[PDB]
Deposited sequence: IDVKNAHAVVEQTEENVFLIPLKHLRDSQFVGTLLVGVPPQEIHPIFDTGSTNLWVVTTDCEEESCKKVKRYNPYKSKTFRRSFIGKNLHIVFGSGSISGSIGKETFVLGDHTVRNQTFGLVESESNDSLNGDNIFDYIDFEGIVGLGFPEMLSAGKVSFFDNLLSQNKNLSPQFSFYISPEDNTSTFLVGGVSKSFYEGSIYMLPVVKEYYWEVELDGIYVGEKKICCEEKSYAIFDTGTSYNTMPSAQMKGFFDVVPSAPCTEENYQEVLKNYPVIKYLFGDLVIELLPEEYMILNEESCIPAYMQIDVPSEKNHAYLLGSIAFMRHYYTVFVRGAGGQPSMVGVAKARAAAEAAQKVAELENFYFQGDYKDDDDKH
């Protein structure tokens, strides 16, 4: 019931990371590792928390094709005397490596003593189709596989000018996509921001009360949730619902010249977050793919939350909605704020942060 305010900040307290939309579909920024600095181009992933860097310890083909980080060239790289192995399995691949500490620079801000995973193996594969160099995880610290301090938390603890919030502006056809640390920019949205409380600090997870495709109620008979996950380009539904969705949302042949008409009669999707209703128009949740219009959706069953979790991804959701991620503390819940994205945005002219009243 207690509101947040958008307050102005000096430009250095909200730093902007340009995100380049690569042909392999990654939105990657720039990250400097160690001294002398080595440059990598990671994705920024609200669906995980570990910091991963691809290293010269991985000699596989998928790793050798990118600019591998070499820890033996870094004066600041440190291993602990007793090492730790890390092995992550997810739907489209696996990542395994060891733990180390390093100094990072993100947006001219320095972070020391940062635990990170050194990729040694990318083989279970998604890595054969992308030029993967790393992940800056932005989930809650509960998802860390190792270390006591997440990258975001550690960055904040060493840079008192930053507020514990960040936001994403996704505009791939513009080359204006931006990851913002410490606040927001009014250049990237219009209307008001509406806040949704985070119900469990693991993923960025909020209550989801219903889903409609046209007039058909696709959700919810049981208590459901939405997860804002920049690490997936697609929106997702659980299996039970995913089949029913594609049954009423078929693909269609399309070109840049006829898709507006092809899709003119497709249904509008609505997500219900309490009194907030978010709608996705056909030209927003359908994407052009190999002479075809296809729904930017995929099936995903999240074992925690009992497969009642629905993911909101970079291309089918954040492209249309500017999203803010606000880190709660103590009795104050973390929150996600959502606003209609401003399509006319160019550069972030001014910057602000959300203050809690």
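Gaps in the model relative to the deposited sequence occur at 1-3, 128-133, 367-379, listed in sequence order.
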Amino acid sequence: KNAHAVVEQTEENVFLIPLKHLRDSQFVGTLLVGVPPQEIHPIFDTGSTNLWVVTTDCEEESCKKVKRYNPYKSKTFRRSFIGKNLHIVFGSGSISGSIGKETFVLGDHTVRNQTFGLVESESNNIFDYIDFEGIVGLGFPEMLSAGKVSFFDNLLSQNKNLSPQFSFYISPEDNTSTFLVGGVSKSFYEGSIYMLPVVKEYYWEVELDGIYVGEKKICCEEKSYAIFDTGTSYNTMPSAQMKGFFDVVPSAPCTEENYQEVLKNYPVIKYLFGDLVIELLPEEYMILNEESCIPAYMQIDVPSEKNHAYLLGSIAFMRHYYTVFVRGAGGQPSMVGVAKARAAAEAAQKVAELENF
From here on, numbers count along this sequence of modelled residues.
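Taking the PDB entry as given, 215-223 carries the higher mean Cα B factor of the two stretches 142-150 and 215-223. Comparing 258-266 with 180-188, the stretch with the higher mean C-alpha B-factor in the PDB entry is 258-266. The top Cα temperature factor in the record, among 14, 335, 338, 344, falls on 344. Going by the entry's values, 253 shows the largest Cα B-factor out of 117, 137, 164, 253.
Among the modelled residues of its chain, residue 39 has a C-alpha B-factor that falls in the middle third, as given in the PDB entry. The deposited CA B-factor of residue 313 belongs to the lowest third of values across its chain. Sort the chain's modelled residues by C-alpha temperature factor and residue 160 lands in the middle third, per the entry. Ranked by Cα temperature factor within the chain, residue 243 sits in the highest third according to the deposited record. Ranked by C-alpha B-factor against the other modelled residues of its chain, residue 273 falls in the middle third.
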